[PDB]
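Enquirer: There's a structure below that I have some questions on.
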Amino acid sequence: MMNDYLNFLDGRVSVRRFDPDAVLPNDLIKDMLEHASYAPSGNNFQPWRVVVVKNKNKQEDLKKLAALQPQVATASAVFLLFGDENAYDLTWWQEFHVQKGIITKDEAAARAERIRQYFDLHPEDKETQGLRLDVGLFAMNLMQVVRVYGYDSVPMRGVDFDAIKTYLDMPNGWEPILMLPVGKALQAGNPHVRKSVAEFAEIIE
Amino acid sequence: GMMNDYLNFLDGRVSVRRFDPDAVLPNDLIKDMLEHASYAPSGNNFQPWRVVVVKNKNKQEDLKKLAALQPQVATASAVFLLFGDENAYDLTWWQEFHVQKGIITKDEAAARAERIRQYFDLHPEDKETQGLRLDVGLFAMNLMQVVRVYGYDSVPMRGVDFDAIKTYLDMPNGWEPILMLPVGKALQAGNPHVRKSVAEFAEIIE
Ligand SMILES: Cc1cc2nc3c(=O)[nH]c(=O)nc-3n(C[C@H](O)[C@H](O)[C@H](O)COP(=O)(O)O)c2cc1C
Ligand SMILES: Cc1cc2nc3c(=O)[nH]c(=O)nc-3n(C[C@H](O)[C@H](O)[C@H](O)COP(=O)(O)O)c2cc1C
């Protein structure tokens with residue numbers, strides 16, 4: 001069963017050939033997003049914002065902004081993952097965590113000052129560098145979750161995100177992180193080729 | 001059935017901060033964990049992650065002092081330090097690696113390399129910390145799921161002094177610290193995930 005889970009995880013590869021007639025229903029999209037959201041993030045700020053485009057005409061427009069990569073138009077839905085800098089809001093953080101019964105109002109106020117002091121020293125963790133890590137965690141989770149339902153994906157950045165935001169009238173404070181076309185594979189992805197563990201990792205005892 | 005089990009497994013990834021200080025994580029498994037985590041995607045398959053795994057309680061106690069005395073650093077079976085190396089975005093390597101592995105032709109490599117250069121020219125951040133954070137973040141999440149397969153748990157961390165840690169371990173300067181990940185056998189279960197609802201962060205347009 002652990003072997004089944006390992007084989008499942010190993011099965012994620014980029015798929016770029018999707019069935020243009022396959023449908024990804026909104027009920028499953030919502031479930032996929034809910035499960036993806038269980039990804040960790042610094043202080044549980046959950047800075048991800050997602051816009052799912054499920055309309056072929058519009059995906060064709062997006063393909064024109066994505067170096068004409070075909071998967072953008074054949075996919076059942078194109079998930080656009082953004083990070084919101086304004087997500088690192090300490091008033092929201094206190095309210096949310098107290099309302100959910102995780103911590104008291106006093107504990108939340110004290111923790112919030114420590115988080116402020118941290119960001120004061122490490123401003124990048126509440127800017128694009130922070131967002132890229134937090135939304136990257138989310139994205140990897142989403143890529144495994146969509147597969148539970150029989151779908152596949154390909155993560156993408158070789159696209160004109162400035163033009164995409166303008167096309168979709170996106171807030172200027174939302175930083176584009178990744179475009180993720182999701183669909184039914186017509187062709188399996190290729191086997192993983194990677195550098196060995198000995199080439200990138202050191203174990204010290 | 002199958003789908004329920006896979007979802008339950010993914011959902012089971014949770015932050016664990018109470019580990020069994022006597023539990024041993026064998027090195028064969030550490031290597032297996034890193035091999036499977038490596039299957040994570042990265043832009044152009046540059047795989048810019050570098051990892052140092054500290055499995056030595058004496059050293060972990062020193063690391064705990066540099067991690068605001070968070071106890072999980074010292075009780076864990078091993079502490080996985082994940083870095084990104086910006087030197088990894090090297091077009092010579094990229095060609096050599098993909099041609100030697102039979103993924104693409106030599107001439108196709110030179111052509112692809114130039115398109116990769118063009119892309120980085122437009123978006124230089126993607127070969128710098130912004131790119132590393134994303135690429136190593138993908139690896140990190142994959143690692144966190146993989147450790148669960150073997151009955152272990154983890155907690156991702158940045159509330160530590162990465163500057164002092166790099167110095168304590170004699171790490172290269174070109175390596176950007178991304179995340180500290182203690183891994184061990186849970187003595188206490190993680191909490192159910194508390195999250196904003198899908199409608200609070202996502203829109204579906206048809
Ligand atoms: C940040 C990022 C950007 C990527 N950009 C694209 C892209 O624009 N087009 C594409 O076809 N693949 C893109 N990829 C997919 C990678 O090429 C792919 O993950 C890598 O070659 C490893 O293959 P695998 O995903 O099949 O394991 C991107 C991946 C990441 C993580
Ligand atoms: C970048 C990052 C940094 C984090 N820093 C810490 C940390 O220093 N200490 C800690 O106990 N947890 C840390 N966390 C864990 C988060 O608090 C945790 O993921 C979040 O509260 C959600 O809980 P969950 O992982 O159990 O779902 C960090 C997580 C991320 C992604």
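Just so we're on the same page: first chain in the structure tokens is A, next is B, and so on; residues restart at 1 for each chain, and ligands are numbered from 1 in the order they show up.
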Range 179-187 of chain B: which residues within 6 Å, counting only C-alpha atoms, same-chain residues fewer than 3 positions away excluded, as a list in words?
Expert: residues 18, 19, 20, 73, 76, 77, 78, 79, 80, 81, 82, 152, 153, 154, 155, 156, 157 and 158 of chain B
Enquirer: List all protein, DNA and RNA residues that have any atom at most 10 Å from ligand 1, counting only C-alpha atoms and all ligand atoms, and write the list as a PyMOL selection string.
Expert: (chain A and resi 10-16+66-67+69-72+132+136+139-140+143+153-159+177-180+188-194) or (chain B and resi 38-47+119+126+131-139)
Enquirer: For ligand 2, which residue out of A:144, A:37, A:7, A:59 is the nearest one, using only C-alpha atoms and all ligand atoms?
Expert: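 Of A:144, A:37, A:7, A:59, the one nearest ligand 2, counting only C-alpha atoms and all ligand atoms, is A:37.
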Enquirer: Would you list the residues that come within 6 Å of ligand 2? Count only C-alpha atoms and all ligand atoms and give the answer as a list in words.
Expert: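 Using only C-alpha atoms and all ligand atoms, everything at most 6 Å from ligand 2 comes to residues 38, 40, 41, 42, 43, 44 and 134 of chain A; 14, 15, 155, 156, 157, 158, 159, 190, 191 and 193 of chain B.
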Enquirer: Grab the residues selected above and save them as a JSON list (two decimals), in the first residue's frame with N, CA, C and O atoms.
Expert:
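The result, written out as selection.json:
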```
[["chain", "number", "residue", "atom", "x", "y", "z"],
["A", 38, "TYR", "N", -4.46, 22.09, 1.26],
["A", 38, "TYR", "CA", -3.84, 21.49, 2.46],
["A", 38, "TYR", "C", -2.31, 21.58, 2.47],
["A", 38, "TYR", "O", -1.64, 21.20, 3.44],
["A", 40, "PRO", "N", 1.26, 23.18, 2.96],
["A", 40, "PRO", "CA", 1.76, 24.09, 3.99],
["A", 40, "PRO", "C", 2.16, 25.44, 3.41],
["A", 40, "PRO", "O", 2.43, 25.56, 2.22],
["A", 41, "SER", "N", 2.22, 26.46, 4.26],
["A", 41, "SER", "CA", 2.67, 27.79, 3.90],
["A", 41, "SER", "C", 3.18, 28.42, 5.19],
["A", 41, "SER", "O", 2.68, 28.09, 6.29],
["A", 42, "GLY", "N", 4.11, 29.37, 5.06],
["A", 42, "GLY", "CA", 4.70, 30.05, 6.23],
["A", 42, "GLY", "C", 3.61, 30.70, 7.04],
["A", 42, "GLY", "O", 2.77, 31.42, 6.48],
["A", 43, "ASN", "N", 3.50, 30.32, 8.32],
["A", 43, "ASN", "CA", 2.49, 30.87, 9.24],
["A", 43, "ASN", "C", 1.04, 30.66, 8.77],
["A", 43, "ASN", "O", 0.12, 31.33, 9.23],
["A", 44, "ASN", "N", 0.85, 29.68, 7.89],
["A", 44, "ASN", "CA", -0.46, 29.37, 7.31],
["A", 44, "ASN", "C", -1.09, 30.59, 6.67],
["A", 44, "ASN", "O", -2.29, 30.74, 6.68],
["A", 134, "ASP", "N", 5.64, 29.50, -1.24],
["A", 134, "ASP", "CA", 4.34, 29.10, -0.74],
["A", 134, "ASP", "C", 3.44, 28.58, -1.84],
["A", 134, "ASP", "O", 2.81, 27.50, -1.70],
["B", 14, "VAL", "N", 1.05, 16.62, 7.10],
["B", 14, "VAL", "CA", 0.72, 17.60, 8.12],
["B", 14, "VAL", "C", 2.00, 18.01, 8.89],
["B", 14, "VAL", "O", 2.97, 17.30, 8.87],
["B", 15, "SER", "N", 2.02, 19.17, 9.54],
["B", 15, "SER", "CA", 3.21, 19.55, 10.29],
["B", 15, "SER", "C", 3.23, 18.79, 11.60],
["B", 15, "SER", "O", 2.27, 18.86, 12.39],
["B", 155, "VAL", "N", 8.14, 18.71, 9.32],
["B", 155, "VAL", "CA", 7.60, 20.09, 9.47],
["B", 155, "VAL", "C", 8.50, 21.03, 8.66],
["B", 155, "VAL", "O", 9.70, 21.11, 8.92],
["B", 156, "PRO", "N", 7.95, 21.75, 7.69],
["B", 156, "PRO", "CA", 8.81, 22.68, 6.98],
["B", 156, "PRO", "C", 9.10, 23.93, 7.80],
["B", 156, "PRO", "O", 8.20, 24.43, 8.50],
["B", 157, "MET", "N", 10.30, 24.49, 7.66],
["B", 157, "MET", "CA", 10.69, 25.63, 8.49],
["B", 157, "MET", "C", 11.54, 26.66, 7.76],
["B", 157, "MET", "O", 12.37, 26.30, 6.90],
["B", 158, "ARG", "N", 11.23, 27.93, 8.05],
["B", 158, "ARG", "CA", 12.10, 29.09, 7.79],
["B", 158, "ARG", "C", 12.34, 29.96, 9.05],
["B", 158, "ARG", "O", 13.15, 30.89, 8.97],
["B", 159, "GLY", "N", 11.69, 29.66, 10.19],
["B", 159, "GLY", "CA", 11.90, 30.47, 11.45],
["B", 159, "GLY", "C", 13.21, 30.12, 12.17],
["B", 159, "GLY", "O", 13.23, 29.77, 13.37],
["B", 190, "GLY", "N", -0.42, 15.35, 13.86],
["B", 190, "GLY", "CA", -0.59, 16.70, 13.40],
["B", 190, "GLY", "C", -2.09, 17.01, 13.51],
["B", 190, "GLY", "O", -2.94, 16.09, 13.66],
["B", 191, "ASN", "N", -2.40, 18.28, 13.33],
["B", 191, "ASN", "CA", -3.78, 18.74, 13.40],
["B", 191, "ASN", "C", -4.53, 18.67, 12.09],
["B", 191, "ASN", "O", -3.93, 18.71, 11.03],
["B", 193, "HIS", "N", -6.19, 20.14, 8.97],
["B", 193, "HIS", "CA", -5.77, 21.33, 8.29],
["B", 193, "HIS", "C", -6.85, 22.38, 8.42],
["B", 193, "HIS", "O", -8.05, 22.06, 8.20]]
```
Enquirer: Could you give me, as number ranges by chain, each residue of range 93-161 of chain A that DSSP assigns to alpha helix (DSSP H) when run on this structure's backbone?
Expert: A: 93-99, 105-121, 128-148, 161
Enquirer: Do you know which residues are at most 12 Å from residue 161 in chain A counting only C-alpha atoms, after dropping those on the same chain fewer than 2 positions away, and could you put them as a PDB file with C-alpha atoms, in the first residue's frame?
Expert:
```pdb
ATOM      1  CA  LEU A  62      -4.210  32.293 -23.780  1.00  0.00           C
ATOM      2  CA  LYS A  63      -2.339  29.951 -26.161  1.00  0.00           C
ATOM      3  CA  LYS A  64      -1.386  33.032 -28.235  1.00  0.00           C
ATOM      4  CA  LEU A  65       0.118  34.475 -25.015  1.00  0.00           C
ATOM      5  CA  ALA A  66       1.902  31.177 -24.242  1.00  0.00           C
ATOM      6  CA  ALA A  67       4.247  30.811 -27.242  1.00  0.00           C
ATOM      7  CA  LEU A  80      -3.604  30.131 -13.283  1.00  0.00           C
ATOM      8  CA  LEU A  81      -1.804  30.259  -9.894  1.00  0.00           C
ATOM      9  CA  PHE A  82      -0.979  33.685  -8.415  1.00  0.00           C
ATOM     10  CA  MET A 156       4.329  26.338 -17.163  1.00  0.00           C
ATOM     11  CA  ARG A 157       6.130  29.708 -17.084  1.00  0.00           C
ATOM     12  CA  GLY A 158       7.221  30.130 -20.775  1.00  0.00           C
ATOM     13  CA  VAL A 159       4.311  32.482 -21.278  1.00  0.00           C
ATOM     14  CA  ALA A 163      -0.240  40.044 -21.286  1.00  0.00           C
ATOM     15  CA  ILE A 164      -2.229  37.311 -19.514  1.00  0.00           C
ATOM     16  CA  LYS A 165      -3.009  39.553 -16.526  1.00  0.00           C
ATOM     17  CA  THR A 166      -4.125  42.336 -18.859  1.00  0.00           C
ATOM     18  CA  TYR A 167      -6.272  39.891 -20.848  1.00  0.00           C
ATOM     19  CA  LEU A 168      -7.993  38.597 -17.670  1.00  0.00           C
ATOM     20  CA  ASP A 169      -8.101  41.950 -15.868  1.00  0.00           C
ATOM     21  CA  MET A 170      -6.170  40.591 -12.882  1.00  0.00           C
ATOM     22  CA  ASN A 172      -1.745  44.278 -10.105  1.00  0.00           C
ATOM     23  CA  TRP A 174      -1.247  39.332  -7.766  1.00  0.00           C
ATOM     24  CA  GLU A 175       2.064  37.949  -8.876  1.00  0.00           C
ATOM     25  CA  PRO A 176       1.788  35.212 -11.540  1.00  0.00           C
ATOM     26  CA  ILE A 177       3.476  32.031 -10.330  1.00  0.00           C
ATOM     27  CA  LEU A 178       2.430  29.230 -12.701  1.00  0.00           C
ATOM     28  CA  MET A 179       0.041  28.323 -15.521  1.00  0.00           C
TER      29      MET A 179
ATOM     30  CA  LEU B 122      13.177  38.497 -20.473  1.00  0.00           C
ATOM     31  CA  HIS B 123      12.685  36.981 -16.998  1.00  0.00           C
TER      32      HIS B 123
END
```
